[PDB]
Each structure stands twice: as structure tokens, then as C-alpha cells.
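Here we start with a single chain on its own, the form deposited in one PDB entry, put down as C-alpha cells.
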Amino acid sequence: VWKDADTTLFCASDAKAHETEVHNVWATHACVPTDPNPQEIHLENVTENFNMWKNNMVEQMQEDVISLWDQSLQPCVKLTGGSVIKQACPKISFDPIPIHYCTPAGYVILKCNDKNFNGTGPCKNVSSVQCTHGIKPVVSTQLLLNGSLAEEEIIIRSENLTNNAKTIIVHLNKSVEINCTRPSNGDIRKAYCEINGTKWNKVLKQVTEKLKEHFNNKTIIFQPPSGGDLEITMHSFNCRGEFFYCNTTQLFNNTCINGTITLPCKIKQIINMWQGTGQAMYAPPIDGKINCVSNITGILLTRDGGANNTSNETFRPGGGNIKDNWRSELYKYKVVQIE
């Protein structure tokens, strides 16, 4: 006998105590070991309702990542709400590790196993677990990096598609590599990312096909972001502690719907913080080759307003609300209380 409930969750990880990598240190102090023999239980003949858009798990993971980042990536200058904070800022070691979220006694996590599950409504194949799978707290905009894949078809997610103010999460079923590089000795801040364009265009082809199923077979057009700050108009993310800002115009160019695509990037020290309402200044990049190779696993889209009287829909890449990054992995779970 169970009902929807929110409770305070705990985490589990495979953090190495000896590692100075800042996620390992965090999890070492803040999580417990993973259960080497987790036990999923499948529930016959039970339908359960889910709502990825209103899920307290999402608020708890966000709290964790804000706390991880507050203790490990301190800027030299923090400008948060009418104040200024000069403070030390050494270069650190940085590479996200999977984190599991688990329920305490009296509770359990239900997991939606339906393979087309769009994140809202009823779920036919529901099971129960002590813990979610391990989720890398990857902070980025525009493209979801190193997450999980949709198991069958590309899946379109949104709290309400008819409403264009609401972000769309596209869940890929086949990842595409993005190889990102700040080459060593010029412009220390200069970088690029490379993507196999044959792969990428075949995927963007399939996404347009999918979007037409939700938008009445209208014509699907991709465009670069309108305005907003740099963290949004570009694919922004963190690579070995460096904040990379990448121009995705070539990713979102409806024409090619074939070779290596080279996105130009710039490392920035001054940034608008994702944790909200404030800019921070970080230290200049470490020397040497700086490289992250990442799996693109989702896309974040914002749809254009005012296209009702045409046969077009226009999608621009978006993001900015990091809560949605965690929703893209947490959509398949809801906490319930047992009695």
C-alpha cells in the first residue's frame, strides 16, 4: 500500500577516497557505497502515474550539485547579489562520477520501464528499487552530455508542447560523439569541438521526423538562439575545470538534412552562474592539451512563438535551467511511501 510522497533522499557512489578529483572527494564525504547486489522488483498488473516535471527528486539532486560546486569550484571573484567576494581559487581536478539516489526505510522508488515513456501519465510496466541508476551530474546547456539513452525511439519530452515557453527535452536513442579540444602551444582561450557530421545529420533528421508526429506534420525548422546571454546562445559546459563556450550554428543548420564539423569555442573565466543570479570570475586555463570527448545524449529546444498561421515550426537550442538536465535522467522514477 503506497502513496506519492517526498522524503529526504541519500546518495551512493563508487568514489575513491584517495582521489583529489572533486566529485570523488564530495561523494566520499557525502554518499555511501553502492549496493553490489541491488534488487529490482517487477509489479504485475499495476499502472502508476508519473510526472517528471513535478518531482522532488529533481530538487534534491540540484541541491547536491549546488553544494558540490560551492565547495569545489570556487571563483576568485563572486558577485552574488549586491556584494563582492574575493577569495582563493586554485585549479582543481574535475570529472563527474555517477551518483545514485536512494530512499530511506519506509519508502521506495518506483521506476517506469515502458520503453516509449514520455515522462508524464500512466506507466504499464512499473517496478520498485532501492536506488536509481548512477547519474553523472553533468552541467551543460543546449546538448545533454554523457547521460542515458532512450531505449527504442527518440523521445520528445515537455511539460506541455502547445506552450512554447516550456523547454523541450529531446531524448536520443543513439549517441553522437563530440570531441572538444584546447590545444597546447597564441590564444590560450581558443578551442574547437569536432563532431562526425554524417552521424549528426542522420540523427537530426530523425528528430525532425519525431517532432512532426507531435506537431501535426508541420515543417520542422532549426535556428540559432535569438538572444540571451552567452551561456545559452552557445553550448556551454565544463571540461577538466575549464568553462567551454561553443558555437553550434553548424549543428543547427537545416541544409544538410557530411564531413567533420568543427565548432569554434572559447574558454571563459567570467561566467553567469547556473546556480542563479550572479556572475563569477575563474582563473585562466591550465597549460597543456585540454580535452573532453563526450556523448551527446539529449538536446534542449525552445520553440518559436507566433507561428500558428503558418505551416512552420521553428526550434532553437536552449537550456539554462539545470533542473532540466537532471529531469532528463530522473523522469523514470517517483518516490512513494509504504505503509
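Don't overthink the numbering: it's just position in the shown sequence, from 1. Each form is matched to the other, and the largest set of C-alpha atoms that superpose within 1.5 Å is called the rigid core.
Below, we refer to the form deposited in another entry, which is not included among the displayed structures.
S.K.: Which of the listed residues (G81, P90, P122, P104) moves its Cα by 2 Å or more between this form and the one not shown when the core is kept in place?
M.R.: The only residue crossing the 2 Å threshold is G81.
S.K.: Rigid core aligned, does the Cα position of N45 differ by 2 Å or more between this form and the one not shown?
M.R.: For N45, whose C-alpha is compared between this form and the one not shown after core superposition, the shift is less than 2 Å.
S.K.: With a threshold of 2 Å on the C-alpha, tell me if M273 counts as moved between this form and the one not shown once the core is superposed.
M.R.: Not so; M273 is displaced by less than 2 Å.
S.K.: Establish whether a shift of 2 Å or more occurs at the C-alpha of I286 between this form and the one not shown, with the two forms superposed on the rigid core.
M.R.: Comparing forms between this form and the one not shown, the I286 CA shifts below 2 Å.
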